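> A single structure is presented below for examination.
Ideal geometry is used to build each Cβ from the backbone, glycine not excepted, and the neighbour counts take in all protein chains shown. Each reported figure results from applying straightforward, stated rules to the coordinates on display, with no laboratory input.
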Ligand SMILES: Nc1ncnc2c1ncn2[C@@H]1O[C@H](COP(=O)(O)OP(=O)(O)NP(=O)(O)O)[C@@H](O)[C@H]1O
Ligand SMILES: Nc1ncnc2c1ncn2[C@@H]1O[C@H](COP(=O)(O)OP(=O)(O)NP(=O)(O)O)[C@@H](O)[C@H]1O
Ligand SMILES: Nc1ncnc2c1ncn2[C@@H]1O[C@H](COP(=O)(O)OP(=O)(O)NP(=O)(O)O)[C@@H](O)[C@H]1O
Ligand SMILES: Nc1ncnc2c1ncn2[C@@H]1O[C@H](COP(=O)(O)OP(=O)(O)NP(=O)(O)O)[C@@H](O)[C@H]1O
Ligand SMILES: [Pt+2]
Ligand SMILES: [Pt+2]
Ligand SMILES: [Pt+2]
Ligand SMILES: [Pt+2]
Ligand SMILES: [Pt+2]
Ligand SMILES: [Pt+2]
Ligand SMILES: [Pt+2]
Ligand SMILES: [Pt+2]
Ligand SMILES: [Pt+2]
Ligand SMILES: [Pt+2]
Ligand SMILES: [Pt+2]
């Protein structure tokens, strides 16, 4: 990797002095091997009982979780997976009011997927009905389940 | 563009409840309730709403179900 | 003409002073009094730097003036004392002894310094004056002496106007004349220009400036000088104001945006500000002695067009391009019709100026393409270097494809780089021609101001002729040049305009004429059925333009009657879009809500209209409104204007007023069931109307359109046009959406409702089609480019990709 | 001051990517007689400096038009 | 912690160690902008 890097500065430095000479053997011959050498060793570690040269989502999600909350979601769930189980997740905290969940869920799904004007909120609703039977709860739960946190709520 | 806008109100509450006691068709309720709305909200508004969701009263069972989920935190904290 | 404007003005100053104090002989004390205004005054500087303290001089000099006789009428400022005249003529002898082509104010101080016993002699004085290192043999119309407060913080417009520096202001004779008039008033001589930003208030002032320099202005202003002040601060401000008063009204001050020198009746001022900003000024009885307001109204498109044509020259010269008249008209029209922010004069120009700017940014068109091939060349140029060293002699030496490319590129490069030089050069001369072609028009006008028609003829002949054609050949030489930073056209304008709105295809192309003729088509592209309504509305509008109706009324006023959700609001919306290139041109008034302090809550209406003259105004449930509103409304239908809270009326002549109501709906429906004659319905329904609406109202309505229920097929047609967007939306993902007639029929079915109309269709299409389709897209079942097939079946619609 | 055009020359600066407009815009303003001193206005972390050092790299590559072709950018600290 | 005379003598001596020596300032900037000198700090919030 260090060579390949040095070799990149190397080449570029030639495509300035016009010394096509050097720049030649570098871009063709040098860079080729080095690029295969590293890609060779990389692959040479596709299996490592004590190593992983790879940096992945989990790794990212983790350091991200370190600054926020639960990699279980930050990571794992992808918008797609999340939006499909949406009605489930919501019901884990909001009892009944099925009509509400579906509507909100469908609206949001209909929102992503790109079937609505991009210049609008993901979804807008008007909750009607009795008091203390779901409304604010659903609003809270939505914030959490959809945005991985009840901190994503803003009340007026 | 990345926000969800929820708006609450009790404008149709009474009528909605009434529609549930007299047990008349949901559609009859929604329409009856909408009219009321048309009296306190500019159509431009009601028309730009993705949905007009109607929450209803809870059933003894649900209430118990809520008790359960409510107990969860206690279980957890304990 | 003979002495510099500086000294020249100094003399006039002294003369006017003589008059003010009612003197007979314009003596030295007068000249001193005006020359020694501030510490900054040149006469003061030069004198203090020589030895004699100016203050004592001025002090003692005014003493003499105070010890002079009070004459009368024809004896005031009757003549020049022998001493003064002598000094004045001695000043000329001193200018020749210095090489100054004219008599400046400093050379004038020496002369007087000689005619005044007690202060420094030539030797000392010439040395001090000399302590300003040359530059006095310059021009006569401007010696450029930056010493005094006025010259320090003020621009002398009359000066620029003198040297043809000001832009040709055209089309505001009335406002200028009014300003002139006001300055002559004894009671209120300080005119303030009240107008909106961009209207051209300052233009008025500089326009007046030019007239003064041409003697186009009456007496009393004939020699005046207009100075524009431009925003310890007050320390210098006072130094300025107190210096204008010492000029003795011979200098008018112009503030683009105090009382002691004013109320005293010695500070002649010209203002300019907003309406409301001036209203506050109208709260100081001592000041608000009525600065003689002069409301400069925003020019019409035609006027704006003339103005643009005026500066046409300047712009294309100061920027080196060619602004076609076509583009000019566009800048005026398009702005006045779709630019809600600024007001005409300004915005139109900004458009022309801003559309051209892009041509300047369009200079880096060569390097980009030249270097684009350069790098691309080095790519293959270095690639060969590797194929030259062969391990495969008769397999690698077949790089004749790459080598050939280098040549071509070496060709294209040598081409464009040299070809570019043409454009660049052709421009070189052109810009020079436009400059001399200007220096000539300046020279000529000059002559035509001093009867030296000698030059005015030799130039206007042959000379001028050349440039005009030379700077005409050079332009014709830059046809479709690779670097066209010349012609500015409609497309260019329309584009920058579209950048602030939408679709040049219409903004541009579409001419009111073409648009008004296809009106019924366009409307039907979005509104299904209700043919009677479209026709009526369309004909009313067409009848409106063409000029067959009172100019003082809205373009068209209507009352939509009939069922609900069958066209009314849609037509209203569609109209706004099709007629005003945007649904943003709509303004709704949900009357069913304004049931309280209504009147007050709309002078809101006036504002929307105020910012968007061309717009459709929709009043829902008109019957629910209270008599109060009908007045504001009725006032719109008549005279097509309206007075808001503040006062400044808003223009409604360019609006379309649609009013809805369900007053006859039931009867209308009944008439359709019992299938009785349309005329029988209309008449029956009209009676009802006559019971809730004042005849004055019903009579001032261009049409009383009646919407009717939709037919099964109409719905389907709506379903189709409704699907259009979904499609145009799914298009962004190359996803096609073909539905079965069965499917469409299903939506039509579920979509329409007897009492609600086609309102439900949307919710239906959303749930029955969009919701499912969304799940498929997120789930991945529907990918990019797929052609989604939709058909009916049990439990609702079913989808199918390909298969 | 740190010579960015030099760090670019030696290939020390990291690859700025995806900001053609802004750069070109600056390239422009850096040639306008009236106002030739362009100021980058933006929130912290958006990549303002990148724009500059990005421009630096172009100069060293001749990727920049004429009039800046040989220029040297120095960052005062 | 002529003052800077010795300070520089220190900072320039840590860099010559080649990152093999970490400097710890309990409660400099220049030789930190260009890119060099591995440092570990510690302070109150406001300062930072
Ligand atoms: N459907 C539900 N599922 C779970 N908990 C519920 C539900 N409905 C109501 N609750 C409980 O009731 C309280 C408030 O519920 P919520 O739906 O936010 O009603 P509310 O209309 O916001 N009340 P308030 O803001 O006080 O006027 C919380 O303690 C909830 O746990
Ligand atoms: N009558 C006119 N003749 C020529 N140019 C004009 C005229 N009126 C306005 N303009 C142009 O419009 C711009 C502003 O003109 P100006 O007369 O200063 O108006 P304004 O209303 O005072 N602007 P503001 O000070 O922002 O409120 C300049 O670019 C002028 O060239
Ligand atoms: N003639 C029509 N052409 C096209 N779309 C129509 C038509 N009639 C009704 N619609 C549809 O119905 C909805 C509203 O139509 P509109 O004509 O504005 O009725 P309305 O006056 O608003 N009644 P409501 O919505 O019930 O208060 C929109 O979804 C329209 O697409
Ligand atoms: N266009 C880009 N290409 C590559 N890296 C970038 C780009 N823009 C920003 N960065 C990176 O983001 C970080 C900050 O970049 P910078 O250009 O300094 O932005 P900033 O918003 O100005 N912050 P600051 O200078 O500290 O006020 C550095 O790590 C950069 O490498
Ligand atoms: Pt393996
Ligand atoms: Pt919350
Ligand atoms: Pt007097
Ligand atoms: Pt004279
Ligand atoms: Pt001010
Ligand atoms: Pt530009
Ligand atoms: Pt551009
Ligand atoms: Pt609208
Ligand atoms: Pt009402
Ligand atoms: Pt109203
Ligand atoms: Pt220290």
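> At a Förster distance of 45 Å, what's the computed FRET efficiency of residue C:396 paired with residue C:742, Cβ-Cβ distance as r, to 0.05? Working shown, then result.
Details: r = 65 Å, r/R0 = 1.44.
Rounded to the nearest 0.05, the efficiency is 0.10.
> With r defined as the distance between the Cβ atoms of residue A:9 and residue C:482 and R0 fixed at 41 Å, what FRET efficiency is calculated, to the nearest 0.05? Walk me through the numbers before you get to the answer.
Numbers: r = 37 Å, r/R0 = 0.89.
Working from the Cβ atoms, E equals 0.65.
> What translational diffusion coefficient, to the nearest whole µm²/s, does region C:72-179 have by Stokes-Einstein, given a Kirkwood radius computed over alpha-carbon pairs, a temperature of 4 °C and 1.567 mPa s viscosity? Mind showing how you got there, number by number?
Numbers: Rh = 17.1 Å.
D, rounded to a whole number, is 76 µm²/s.
> For residue B:17, put the label point 7 Å out on the Cα→Cβ axis and report which residues of region B:35-77 keep their amide N under 11 Å from it.
B:57
> Kirkwood Rh over Cα pairs of the protein assembly as shown into Stokes-Einstein at 4 °C, 1.567 mPa s: D in µm²/s? Before the final figure, lay out each step's value.
On the way: Rh = 39.2 Å.
Reported coefficient: 33 µm²/s.
> While we're on this one: Which percent, nearest 5, of DSSP beta bridges in region C:148-298 are antiparallel? Present the calculation step by step, with values, prior to reporting the outcome.
Numbers: 3 of 16 bridges.
Once the DSSP bridges in region C:148-298 are tallied, antiparallel ones form about 20 percent.
> Cut-off 17 Å, label point 7 angstrom out along Cα-to-Cβ of residue C:630: give me the residues of region C:649-685 whose amide nitrogen falls inside.
The answer is C:659-664, whose backbone nitrogens lie closer than 17 Å to the label point.
> Sticking with this one: Once label points are set 7 Å from the Cα along Cα→Cβ at both residue C:784 and residue C:314, what is their separation, rounded to one decimal in nm?
Rounded to a tenth, the inter-label distance reads 5.3 nm.
> Once you average over the residues of C:718-729, how many Cβ atoms of partner chains fall within 10 Å of each Cβ? It would help to have the intermediate numbers written out before the result.
On the way: counts 0, 0, 0, 0, 0, 0, 0, 3, 2, 0, 0, 6.
Per residue, the average neighbour count from other chains is 1.
> Something else about it: Convex hull over the Cα atoms of chain B, averaged projected area in nm²?
Working: hull surface 31.8 nm².
Seen from a random direction, the Cα hull of chain B projects 7.9 nm² on average.
> Residues of C:395-401, mean number of Cβ from any other protein chain within 10 Å of their own Cβ, rounded to a whole number?
For peptide C:395-401, the averaged partner shielding equals 0.
> For C:451, C:752, which order do you get if you count the other beta carbons within 10 Å of each Cβ and list the fewest first? Mind showing how you got there, number by number?
Working: C:451 8, C:752 25.
The most exposed by this proxy come first: C:451, C:752.
> Still on this model: Rg and Dmax of region C:18-61 over Cα atoms: what are they, in angstrom?
Values for region C:18-61 (Cα only, Rg and Dmax): 11.2, 33 Å.
> Still on this model: What is the distance in Å between the Cα centroid of region A:42-59 and that of region A:118-134?
Distance between centres, Cα-based: 46 Å.
> Taking every eigenvalue of the Cα gyration tensor of region C:159-285, multiplying by 5 and rooting it, what semi-axes result, largest first, whole Å? Please list the in-between numbers first.
Numbers: eigenvalues 96, 66, 45 Å².
Each semi-axis is the square root of five times an eigenvalue, giving 22, 18, 15 Å.
> Out of all Cα-Cα pairs in region C:558-655, roughly what percent, to the nearest whole number, are more than 24 Å apart?
Counting pairs separated by more than 24 Å, the tail of P(r) holds 20 percent.
> If you don't mind, another one. Sort all Cα-Cα distances of region A:3-156 into consecutive 5 angstrom bins from zero, then give the percent of pairs in each bin up to the one containing the longest distance.
Going out from 0 Å in 5 Å bins, region A:3-156 shows 2, 7, 12, 12, 11, 9, 7, 6, 7, 8, 7, 6, 4, 2, 1, 0, 0 percent.
> Which of C:573, C:188 has the fewest other C-beta atoms within 10 Å, and how do the rest follow up to the most?
Details: C:573 18, C:188 14.
With the fewest neighbours first, C:573, C:188 line up as C:188, C:573.
> Can you bin region C:512-709 into rounded, prolate or oblate? Criterion: square roots of the alpha carbon gyration tensor eigenvalues sorted a ≥ b ≥ c, rounded for a/c under 1.5, prolate for a/b above b/c, oblate for the rest. Present the calculation step by step, with values, prior to reporting the outcome.
On the way: a/c = 1.72, a/b = 1.20, b/c = 1.43.
Oblate, because a/c is 1.5 or more while a/b does not exceed b/c.
> So, one more: Please work out how much length the chain gains when fully extended from residue C:177 to residue C:231, using 0.36 nm per residue of separation minus the C-alpha to C-alpha distance, in nm with one decimal. Show your work: numbers first, answer last.
Numbers: separation 54, 0.36 × 54 = 19.44 nm, distance 2.71 nm.
Answer, rounded to one decimal: 16.7 nm.
> Further, regarding this structure: Apply 1/(1 + (r/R0)^6) to the Cβ-Cβ distance of residue C:187 and residue C:643, taking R0 = 30 Å, and write down the FRET efficiency to the nearest 0.05. Working shown, then result.
Details: r = 29 Å, r/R0 = 0.97.
According to the calculation, E is roughly 0.55.
> Just the number, please: percent antiparallel of the DSSP beta bridges in chain C, rounded to the nearest 5. Before the final figure, lay out the partial values.
Numbers: 9 of 46 bridges.
The answer is about 20 percent antiparallel.
> Here's something else I'd like to know. Using only Cα atoms, find the angle between the long axis of helix A:2-17 and the longest principal axis of chain A, and express it within 0 to 90 degrees, rounded to the nearest 10.
Between the helix axis and the principal axis of chain A, the angle is about 70 degrees.
> Which whole-angstrom value gives the distance between the alpha carbon centres of region C:288-352 and region C:355-422?
One Cα centre to the other: 46 Å.
> On to the next question. So for C:676, A:67, fewest C-beta neighbours within 10 Å to most, what's the order? Can you show the working numbers first?
Working: C:676 12, A:67 7.
Lowest count first: A:67, C:676.
> A follow-up question, please. Once label points are set 7 Å from the Cα along Cα→Cβ at both residue C:712 and residue C:683, what is their separation, rounded to one decimal in nm?
Placing both labels 7 Å beyond Cα along the Cβ direction yields 3.4 nm.
> Return the average number of partner chain Cβ atoms within 10 angstrom of each residue Cβ along peptide B:52-65.
Values: counts 7, 16, 9, 16, 10, 5, 7, 2, 0, 2, 6, 3, 1, 3.
Going residue by residue through B:52-65 and averaging, the value is 6.
> In vacuo Debye scattering of region C:299-502, one point per C-alpha: log10 I(q)/I(0) at q = 0.12, 0.19 Å⁻¹?
Per q value, in the given order, log10 I(q)/I(0) is -0.78, -1.23.
> Oh, and also: Distance in nm between label sites at residue B:72 and residue C:360, each 7 Å beyond Cα in the beta-carbon direction?
Distance between the two pseudo-spin positions: 6.4 nm.
> Using only Cα atoms and rounding to the nearest 10 degrees, what angle (0 to 90) does helix A:31-43 make with the longest principal axis of chain A?
The helix A:31-43 is inclined about 50 degrees to chain A.
> Still on this model: Starting at 0 and stepping by 10 Å, how many percent of the alpha carbon pairs of region C:710-803 end up in each bin?
Each 10 Å bin holds this share of Cα pairs: 16, 51, 27, 6, 0.
> Something else: State the Cα centre-to-centre distance between region C:625-684 and region C:220-253 in whole Å.
58
> While we're here: For the Cα atoms of chain A, what angle does the longest principal axis make with the long axis of helix A:135-147, in degrees from 0 to 90, nearest 10?
10
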